[PDB]
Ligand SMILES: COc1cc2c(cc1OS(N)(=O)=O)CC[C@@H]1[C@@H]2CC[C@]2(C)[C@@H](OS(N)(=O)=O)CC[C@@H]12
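Shown here is one chain on its own, the form deposited without this ligand, set out as structure tokens.
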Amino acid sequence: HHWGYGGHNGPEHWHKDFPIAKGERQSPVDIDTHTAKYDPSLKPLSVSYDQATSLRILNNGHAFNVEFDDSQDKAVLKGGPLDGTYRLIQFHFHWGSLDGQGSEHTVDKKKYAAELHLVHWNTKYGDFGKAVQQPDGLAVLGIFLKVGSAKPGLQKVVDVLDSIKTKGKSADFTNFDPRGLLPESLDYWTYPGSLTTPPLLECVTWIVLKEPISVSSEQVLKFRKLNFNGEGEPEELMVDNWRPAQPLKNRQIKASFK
């Protein structure tokens, strides 16, 4: 792989190595709130993170992933639009160089400063690598970030970033509680889509919360001190690691709320 978010390998190039980039169910999308249909058949989301076990944080050269122990049903997502049980494997964010961009999904064309993705795989497929080969393999919970008051539950993530500045670095990251990243309301929009990074597999049920979380300017500024490059290489700040909105095509976005 050579893709990225630089001047010559960014989203508009991905289709050359990953032709599904021009597929029928690509993500992210703009959420037209006027057009999304309230679906009284959608259930409340069940986010069950009481037993979550974080293990490690990794700079993978395109974001940082907070990884979980997904060897048992500890931290699982169910309900909502989903049939069955999805196990949390990792979360990560996408963010901008400035507060006016950074999210992947947009809401009536509004871009948020960042977007959190909590990635879960369907236990009926046994492992993540098998799940991504299935149209109902993953459930990603997406949460917008706006800049205002600090998010206290994010600070532990922020403070470890200095230790994983460059691509390939990891650090122990135990005992982190992802419930501290969840807004008050679980109202959501949902639609069928894809991973937003190569290989762009069309395996995701997206669940995008309506209510953003607030983080401070100082918190997001620290995300922007990360590097895409490896240690000692020319510094390239990890900023603008978002894919823009893709064509909705023959898809409906449904709302869980009136």
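In case it trips you up, residue 1 is the first one in the sequence shown, and so on.
Quick note: we don't show the form deposited with this ligand bound, though the next part is all about it.
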- Can you pick the one in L186, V132, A150, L82 that has a heavy atom within 4.5 Å of this ligand in the deposited bound form? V132
- Task: Let me know the one among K78, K146, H92, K165 whose heavy atoms come within 4.5 Å of this ligand in the deposited bound form, would you?
- Result: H92
- Query: Hey, with this ligand in the deposited bound form, do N60, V140 and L195 all fall inside the 4.5 Å heavy atom range?
  - Reply: yes
- Is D73 close enough to touch this ligand in the deposited bound form, meaning at least one heavy atom pair within 4.5 Å? no
- in the deposited bound form, does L42 have a heavy atom within 4.5 Å of this ligand? no
- Task: Could you confirm whether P199 comes within 4.5 Å of this ligand in the deposited bound form, counting heavy atoms only?
- Result: yes
- Do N65 and this ligand come within 4.5 Å of each other in the deposited bound form, heavy atoms counted? yes
- Query: Looking at this ligand in the deposited bound form, which residues in 172-187 have at least one heavy atom within 4.5 Å of it?
  - Reply: none
